[PDB]
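Student: Starting off with a structure, shown below.
Each value in this text was obtained by applying a stated rule to the coordinates, not by laboratory testing. Note that we place each Cβ from the backbone using ideal geometry, even for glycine, and neighbour counts take in every protein chain shown.
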Amino acid sequence: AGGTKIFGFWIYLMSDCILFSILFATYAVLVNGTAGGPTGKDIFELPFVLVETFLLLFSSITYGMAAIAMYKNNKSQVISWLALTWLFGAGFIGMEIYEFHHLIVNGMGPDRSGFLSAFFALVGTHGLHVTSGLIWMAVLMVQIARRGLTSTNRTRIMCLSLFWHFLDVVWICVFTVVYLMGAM
Amino acid sequence: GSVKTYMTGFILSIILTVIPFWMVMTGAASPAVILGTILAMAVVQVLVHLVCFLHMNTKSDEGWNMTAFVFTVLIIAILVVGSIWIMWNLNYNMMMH
Amino acid sequence: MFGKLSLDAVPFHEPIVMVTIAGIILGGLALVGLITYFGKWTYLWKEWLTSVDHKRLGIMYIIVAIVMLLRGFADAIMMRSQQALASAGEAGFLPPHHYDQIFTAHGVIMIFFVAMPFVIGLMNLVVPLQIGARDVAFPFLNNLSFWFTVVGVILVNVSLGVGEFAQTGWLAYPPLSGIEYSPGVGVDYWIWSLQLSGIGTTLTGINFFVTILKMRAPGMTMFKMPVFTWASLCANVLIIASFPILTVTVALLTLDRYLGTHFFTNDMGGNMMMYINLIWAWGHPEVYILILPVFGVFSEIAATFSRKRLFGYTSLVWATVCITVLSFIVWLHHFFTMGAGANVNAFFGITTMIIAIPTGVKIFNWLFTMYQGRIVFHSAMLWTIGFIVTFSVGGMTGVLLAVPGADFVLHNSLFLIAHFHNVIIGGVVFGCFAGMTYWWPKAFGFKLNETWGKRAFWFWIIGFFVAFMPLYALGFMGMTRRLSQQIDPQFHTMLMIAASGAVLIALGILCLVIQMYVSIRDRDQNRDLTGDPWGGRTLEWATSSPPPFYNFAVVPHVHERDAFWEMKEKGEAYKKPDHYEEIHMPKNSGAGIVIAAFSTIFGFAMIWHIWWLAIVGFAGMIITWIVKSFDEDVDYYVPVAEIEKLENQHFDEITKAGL
Amino acid sequence: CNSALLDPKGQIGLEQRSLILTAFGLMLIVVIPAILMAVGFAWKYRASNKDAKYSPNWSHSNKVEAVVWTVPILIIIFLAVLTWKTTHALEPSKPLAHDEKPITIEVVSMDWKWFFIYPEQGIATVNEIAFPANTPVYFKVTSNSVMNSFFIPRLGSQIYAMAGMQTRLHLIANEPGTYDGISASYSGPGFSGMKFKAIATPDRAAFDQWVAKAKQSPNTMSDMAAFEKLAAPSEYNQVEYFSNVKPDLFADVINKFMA
Ligand code: HEO
Ligand SMILES: CCCCCCCCCCCCCCCCCC(=O)OC[C@H](COP(=O)(O)OCCN)OC(=O)CCCCCCCCCCCCCCCCC
Ligand SMILES: CCCCCCCCCCCCCCCCCC(=O)OC[C@H](COP(=O)(O)OCCN)OC(=O)CCCCCCCCCCCCCCCCC
Ligand SMILES: CCCCCCCCCCCCCCCCCC(=O)OC[C@H](COP(=O)(O)OCCN)OC(=O)CCCCCCCCCCCCCCCCC
Ligand SMILES: CCCCCCCCCCCCCCCCCC(=O)OC[C@H](COP(=O)(O)OCCN)OC(=O)CCCCCCCCCCCCCCCCC
Ligand code: HEM
Ligand SMILES: [Cu+2]
């Protein structure tokens, strides 16, 4: 019942991990495809990515404490630990929006230099998943505030636990292949 | 308790992110020692996040939930290495020789 | 109203389109008028459209596939008519603007909306019955997956009347499908039909993977499963691992045309060879998604109508697991002529012929299943014998194409065209009609007409051979695919035979319609009363015909392969339980239709650049998803009064008919 | 039997006819007995045949399942050794060993015609090539537009034509004649008329009188302004000759996508 949905969501993340690997394969082909424009070393600010990496890492341990609080019967502390990992994920999204707004205004959008197309399609598709999990987190927070730690709400916490920790696993592959390999 | 697995897997992923970042931001006199350790610490930190955060187990769905992950790693490795190998030969050809 | 919709988008002054526009508008209004005449709107809702029953959803998949089979055949009969007129020097009907939409739409409809729903609808009806399950693992997700496929067939059909379809071929290769060589809405129709229907089949593969692994009967291990369940398990693995490749590849084409990005462009660092690498990394696992459950269909039919156990179960199982891994390492054989090295071409040429080894083990294991049986020549057994002859010819042809040096003269020929119509018509279409004939009494309670089912076979067999063995000869003569105008006169008299063979295939489709009419007209005389019209071996035939909507009052205990056959030989399986308990069943939901109704609004607005409507359409899919999460009445319990009523009416049919 | 692939006129076509024939004959040792068993077992083991042995519980034999795995394995083993050897011998962009100093012809696919450049002769043609028989021909193939496929079916292999990219093809003609070439990859509305003639001359004197004929034209190709005038979208083009060409025009077509 509950464990069938949790196993079934794990199979979806394995298809979602295949989805990200096509974006990684497209980036590796197109990384040297700069059309006389900027390369990775001219664009990537590595102090900025280190703050973005630690915000997604802080939201992973904050969801882990929310699941720990779900394995006691403290409904209030599941909410409080879910309130913080929403803030760290909104900080992560707000920095990626600031990163993309700096490129688009300064003429380095996706419509220029198809290295920049593969950059925007990998970092942007990751941030669309973080935005999708941020909406799911706020819908879950108002369900637990209204109904409590019911059996259906407990399964939805463990389904989003799989989703949220997977986005931090993908980001380890993102900042290594894109940012750290690009700024060598 | 189970805080200890979350806390160790958080301390470890702090170390496994600072060291690859400090090498590029400093320079470390070797692009090949940098590239090896960056991909090594990326793989190790992915393994830390599966064990500590996702709680990957060999006995979780009677063997499944683990073989499903091992299968897709092989599919990802076939798709990524295969497409890179194909596109490298397609781009070494189609050149003005 | 807004966007690029202009009322000059409707193809006026084009009679071959406007006649088929009025044939669907008046055809749809006549169909709408019958439902309100007989008062069946409250019955189609609450029993069929909102149904989370896998038996109801499996039937509706096949109804969509049969209806789309008529449209995908009616334009293939126009290509045979045009190619027979273009040779012998006539610029007849179908100008190249008109003709190039037709092979693109024929490829899209017949793959995605004919072959895919027929294979999925056979797995929907049968697989929960074979494993002793009462429903699929995620029943609301199964209903939502059907309606995403309906959104795909709506968007392709409105491109006939509102805009035009793509003119790029069925896989929409780059720059020809780019925004500077295809500036119109045709590729946008192709993009959003495949995107919205493609997320529906991804949820189908997840649903049947968890159903086979978790929802099995007690005692049924993996190597006691039916072979059709094994084939459905491996086919759904390929759906989970390859339909994400299609989702990214079409979305990267979407960003190229809408946002002006450079992925597969010619100029600004884009690589158009990356798409052809990516679209065939999905492309070959798709053709093994189609042929794997057909292999499972033919294994159950050959065991049933030989009255003999299936030969080499373990070899047949491990040949299926061999194919589902080997399907991901062969995809470069579709672009041997692109210009990769000899090492890359010979590697993927060698491993393409490795996948022919487990297919030959499957073929010969069916041959020894009927090596010492008592073969009853049913209609479904006729499709099985005809598959082995036809698929062996077409499979042998593809291994010839798997040699790269041989493929350098046969790439994109009519030899290639005749190859994959030999393994889809020969394999998938024959397997879909065989499983339709086999599982018709289980789905509906009465048997199909045996006389008209055999006549439909004899027109689909060598009527296919008149249609496509000339294209083998034309592929040697040098005729390439997608040829429309001023075809060489030496290709005439061989395009004339191929056109005559399509008329025989048309008579087999007509014989299928007569077979469906006569069976419904005479259903009270050909009723299936015991639930086992043949001598069936798997657990589906332990139920009544049609099954009691929970499939099983008590879930059966399995001890061996062919669980219903071993029960019959021990005198069991017509055993009345002394008591019953209530069955926890899911409820029907109006969402999933509402989620798909906003998705076809979202898809239509993205095609025509109506951005306020696409925001409203996309927000509708998300708010309906959110408001479905707050619903708490998702389940109910079937009372023991309803179970005992439905089982005592099955256990006197057993008594009044002998057993 | 006389059908442009079973009757080829080039060495690459003749080596591919033997490759098609030996592959087809190899697969027939397992496909003919499969079809014969599909009909023979259906007839001998009918339900109405009361003389045949009936074994309903026989589902496993080690010797039967050994042969069912071995003989498909052994055929593919012979077919993979053949596939490896012939892919490294019939590969395009592998020059043919003739010591005849091959003629290089540069091929540009347009909408919807074939543009041919003869860079060592200073000649360009549309929808017609000529070359001597028994001399190798080095084809450098590119696109100005969407992807095409350069195919002369009676002479040998095909290769894709892609914009900004340079594929290579080597062919030879063992007999004089004229061979119809086509585009083998669909490229738009005018794709059905992308047909050219490929004349293999009896000797080099007839090739020298075709090059001298093709430089009596008043039309030139001396700039990229004249190229983009000719690269305008057109259908079912006649054979056209250009007497003067730009000395490195083929690289300029590639460089308008790679720069
Ligand atoms: C569901 C349909 C389907 C099936 C079953 C197959 C099965 C095969 N496909 Fe056909 N493919 C299919 C659908 C397509 N393939 C295509 C294109 C295609 C091409 C590209 C050629 C080109 O682009 O120029 C090659 C090389 C093949 C090879 C094969 C091989 C070797 C098999 C093998 O799996 C067949 C194995 C079966 C055999 C061999 C017979 C059974 C064995 C017997 C009887 C005894 C054993 C014999 C031996 C071991 C030799 N496929 C295209 C082209 C799309 C397009 O271009 O637009 C489509 C749709
Ligand atoms: C191009 C952009 C497209 C974006 C489309 C999708 C994103 C929009 C926002 C979606 C997020 C809102 C989710 C709804 C919140 C409520 C969900 C919930 O509580 O359900 C939990 C559910 C467990 O199931 P159950 O408990 O039965 O609940 C049934 C729900 N009806 O658990 C579930 O299984 C349901 C929740 C799963 C959510 C999956 C996350 C979607 C990720 C989308 C990726 C977007 C980008 C893709 C890239 C395109 C290709 C390159
Ligand atoms: C809106 C604009 C766009 C339009 C696009 C089109 C939308 C897609 C619609 C597809 C949905 C599929 C519809 C499926 C309806 C199936 C109804 C059916 O089969 O009912 C038969 C019913 C069976 O009777 P019963 O005795 O209960 O038999 C037990 C079987 N388990 O027998 C009965 O006694 C009931 C008799 C009434 C049934 C009449 C309904 C006719 C079938 C509906 C239309 C199907 C054909 C066209 C589908 C187009 C698909 C693209
Ligand atoms: C998928 C490939 C492409 C990826 C990008 C776009 C899609 C993102 C969304 C994918 C979500 C997948 C979730 C799968 C979970 C499966 C296991 C599971 O937990 O299922 C739970 C539940 C099924 O529960 P069930 O028992 O059927 O009944 C529920 C009653 N409330 O399941 C549910 O009810 C939740 C799932 C149903 C709702 C999904 C429908 C919305 C999808 C809209 C996509 C919008 C895309 C638009 C943009 C274009 C794309 C580029
Ligand atoms: C494993 C195999 C899976 C097969 C999947 C399904 C594919 C074919 C779909 C058709 C089969 C469904 C019909 C049989 C169901 C039972 C019908 C039934 O019970 O009869 C009711 C009704 C007339 O009976 P009535 O007088 O109301 O009362 C008697 C009830 N016993 O009888 C009727 O008249 C009902 C009419 C229902 C048919 C409408 C469905 C449309 C789908 C047709 C597809 C296209 C056919 C080609 C064009 C046909 C039109 C010329
Ligand atoms: C039943 C009789 C059928 C006939 C007579 C027929 C006829 C044709 C013809 C004439 C072509 C184009 C050949 C060319 O380009 O020269 C074609 C292409 C194609 N057919 Fe069929 N077809 C039939 C069934 C099917 C089925 C059942 C499928 C299922 C998958 C299918 C899939 C395709 C595809 C994918 C293409 C290539 C699309 C393209 O060229 O872009 N066909 N068919
Ligand atoms: Cu393939």
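Student: Which three semi-axes in whole Å describe the equivalent ellipsoid of chain A, each the square root of 5 times a Cα gyration tensor eigenvalue, listed largest first?
Tutor: Semi-axes from the Cα gyration tensor: 35, 17, 12 Å.
Student: Kirkwood hydrodynamic radius of the range D:116-259 from all distinct Cα pairs, in Å?
Tutor: 15.7 Å
Student: Could you tell me which of rounded, prolate or oblate describes the range C:465-504, using a ≥ b ≥ c as the square roots of the eigenvalues of the alpha-carbon gyration tensor, with rounded for a/c under 1.5 and, failing that, prolate when a/b is larger than b/c and oblate otherwise?
Tutor: prolate
Student: Find the percent of Cα-Cα distances in chain C that exceed 33 Å, and round it to a whole number.
Tutor: Of all Cα-Cα pairs in chain C, 48 percent lie more than 33 Å apart.
Student: List the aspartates and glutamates whose alpha-carbon lies under 19 Å from that of C:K308, not counting same-chain residues fewer than 8 positions away?
Tutor: Cross-link targets: C:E300, C:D532, C:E540, C:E560, C:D562, C:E566, C:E569, D:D51, D:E65.
Student: Once both axes come from the Cα atoms, what is the angle between helix C:186-214 and the longest principal axis of chain C, in degrees from 0 to 90, rounded to 10?
Tutor: 30 degrees
Student: Follow-up question, since we're still on this one. May I ask what percent, to the nearest 5, of DSSP beta bridges between residues of the protein assembly as shown are antiparallel?
Tutor: Here the antiparallel bridges make up roughly 65 percent for the protein assembly as shown.
Student: Also, quick follow-up: Output the 0 to 90 degree angle, nearest 10, between the alpha-carbon long axis of helix D:11-44 and the longest principal axis computed from the alpha carbons of chain D.
Tutor: Relative to chain D, helix D:11-44 is tipped by roughly 30 degrees.
Student: Quick check: from the Cα gyration tensor, does the range D:11-88 come out rounded (a/c under 1.5), prolate or oblate?
Tutor: Judged from the Cα gyration tensor, the range D:11-88 comes out oblate (a/c at least 1.5, b/c at or above a/b).
Student: Which of C:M338, A:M65, B:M7 comes first, and how do the rest follow, when ranked by fewest Cβ neighbours within 10 Å?
Tutor: B:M7, A:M65, C:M338
Student: Still on this structure, I have one more. Please determine, in degrees from 0 to 90 and to the nearest 10, the orientation of helix B:3-26 with respect to the longest principal axis defined by the Cα atoms of chain B, where the helix direction is its Cα long axis.
Tutor: Taking Cα atoms only, the helix is inclined about 30 degrees.
Student: Given the DSSP H assignment, sum -39500 (n - 2.57) over each helix run of at least 4 residues in chain C and divide by its residue total; what's the result at 222 nm in deg cm²/dmol, nearest 500?
Tutor: Mean residue ellipticity at 222 nm (helix-derived): -21000 deg cm²/dmol.
Student: Which FRET efficiency value, to the nearest 0.05, is calculated for D:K94 and C:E180 with the Förster distance at 41 angstrom and r the Cβ-Cβ distance?
Tutor: 0.70
Student: Counting other C-beta atoms within 10 Å, which of B:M95, C:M116, C:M225 has the fewest, and how do the rest follow?
Tutor: Going from least to most buried by this count: B:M95, C:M225, C:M116.
Student: Moving on to the next point. Say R0 is 35 Å: what FRET efficiency, to the nearest 0.05, do D:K197 and D:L28 get from their beta-carbon distance?
Tutor: 0.40
Student: Please list 3J(HN,Hα) in residue order for the range C:564-570, calculated via the Karplus relation 6.51 cos²θ - 1.76 cosθ + 1.60 where θ = phi - 60°; whole Hz, with x for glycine and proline.
Tutor: 6, 6, 6, 5, 5, 6, 9
Student: Still on this model: Rounded if a/c is under 1.5, else prolate if a/b beats b/c, else oblate: with a ≥ b ≥ c from the C-alpha gyration tensor eigenvalues square-rooted, which is the range C:495-653?
Tutor: Verdict is oblate for the range C:495-653.
Student: Tell me what chain B gives for mean residue ellipticity at 222 nm when only DSSP H runs of n ≥ 4 count, each as -39,500 (n - 2.57), the sum divided by the residue total, rounded to 500 deg cm²/dmol.
Tutor: Value at 222 nm, helices only: -26000 deg cm²/dmol.
Student: Take the cross-link list C:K656/D:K53; C:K224/D:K63; C:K454/C:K568; C:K55/C:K628 and give me the ones stretching past 32 Å between alpha-carbons.
Tutor: Correct reply: C:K656/D:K53.
Student: In addition: Give me A:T155, C:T314 sorted ascending by neighbouring Cβ count inside 10 Å, so fewest comes first.
Tutor: Taking fewest neighbouring Cβ atoms as first place, the list is C:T314, A:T155.
Student: Pop out the ³J(HN,Hα) list for the range C:70-79 in order, Karplus 6.51 cos²θ - 1.76 cosθ + 1.60 with θ = phi - 60°, rounded to Hz; leave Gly and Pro as x.
Tutor: After applying 6.51 cos²θ - 1.76 cosθ + 1.60, I find 6, 6, x, 8, 5, 9, 5, 6, 8, 6 Hz.
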